[PDB]
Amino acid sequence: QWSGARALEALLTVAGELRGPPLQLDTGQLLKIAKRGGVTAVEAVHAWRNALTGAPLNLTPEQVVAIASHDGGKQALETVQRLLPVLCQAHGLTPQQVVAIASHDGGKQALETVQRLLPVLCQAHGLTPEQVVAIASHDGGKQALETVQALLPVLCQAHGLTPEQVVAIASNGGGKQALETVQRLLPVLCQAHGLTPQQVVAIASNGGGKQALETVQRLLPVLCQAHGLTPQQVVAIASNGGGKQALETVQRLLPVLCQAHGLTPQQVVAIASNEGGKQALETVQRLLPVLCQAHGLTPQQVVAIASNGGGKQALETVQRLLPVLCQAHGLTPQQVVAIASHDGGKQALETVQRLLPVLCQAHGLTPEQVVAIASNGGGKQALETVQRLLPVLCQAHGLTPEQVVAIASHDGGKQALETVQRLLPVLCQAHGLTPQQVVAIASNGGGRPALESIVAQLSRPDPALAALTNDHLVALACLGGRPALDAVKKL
């Protein structure tokens, strides 16, 4: 018969038991493990469902799924059971960091490499464990750690980079390649092209950093001499992964989009300057004559939607959802363009289409309140979080729907909301902050870490903030979040 039958049945036999305790996996979770981790991962999750969730380890089910769902997932699962207590006691890592290191293709290699190299990277190269964790927490982590161990001295001394810059380069998939390409090309790009080290670091500091570096070296001259692009614009384009693809595409499409479609070089650069920029550029070439037709959307609007990561996905979702959202849900194209014009534009739009009636009917929000929550990066996360937490924040903590909406209406709205649910009790009950002040701190980008910093300072007080009253901490948190507090801590 068909080969993969004996495998698929073996997959389904086991996945039946995983559905209940201890792990209680949902079809969705089982698909994810099967897809990436494969069949070996699913059988392992089962083989050891007790060892990981029980004791010592006490992994959550989601942490188990996180580690299992990668090529080699079984190897990682086995390695985690052996190395988690060692890394957590010998090197002072938290279980969550260990999990985070494990949760990538080659997790075992990364974990074993952290075990081996973390003391030498910290003592001989003066890196922090945080920094070693961040480098390890990508595919090929092992390669990036060994390459950092090998190239830190030459990069800092012969090339002038700071160790923070080296970590930033190493801290992506393909970190090793980025590191070596920076070693080779840094003088070429600085001397032959007038680039600063900082700009080169920005180009090298994404996935496929190597490809972007080589492609800036190759395409910067054409792009600057022949199309009159400045080196700032080429760097902006290249500093986002898929960089190479975006640069190669801009070379072709810049004159086309400018001549045949009436865009400025400036607008093309903006569309190109995002993850998957090549896809955005191409979708705009295709869809500008269509979306801007029947006196419909303006080019400016089309460009705005395109000028975010996943601009392609956002543009296509606009094309498909604009009529049903306007007609059946009462929205304007203005509002629709607004939802689409952030990273995750597609997700936000589909979640609006799905949740607007429930948010209004069951929760008594206005369509405008839904549009505002939706109109930030992470819109979908915020909307789904508002659906779950609006009733519990109002009834358990006395918050008004308005206040919930204000917390939700920012990037990271979901994190801010969950953090308000968590910390409002201690902030108010135990430290006498008014609910209004918690709301105020939470109603900004960076809401979550702002609240966590406030709690950190009140629960385990640092005398470097002694001369600051609660009212003053609060004003600082509102004004500048965690960064403000942390700076104040440095005084």
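Numbering starts at 1 and follows the sequence shown.
Set 389 to 397 against 132 to 140 and average the Cα temperature factors; 389 to 397 ends up higher. Stretches 5 to 13 and 474 to 482 differ in mean C-alpha B factor, with the higher average recorded for 5 to 13. Listed residues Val65, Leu52, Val39, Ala442 were ranked by CA B-factor as deposited; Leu52 comes out on top. The PDB entry assigns its highest CA temperature factor, among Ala34, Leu423, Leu57, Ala450, to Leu57.
Among the modelled residues of its chain, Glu384 has a C-alpha B-factor that falls in the lowest third according to the deposited record. The entry lists a Cα temperature factor for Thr27 that places it in the highest third of the chain's modelled residues. Ranked by Cα temperature factor within the chain, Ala294 sits in the highest third according to the deposited record. Annotation for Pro255: CA B-factor lies in the highest third of the chain's modelled residues.
In the deposited entry, the Cα temperature factor of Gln457 places it in the highest third of its chain's modelled residues.
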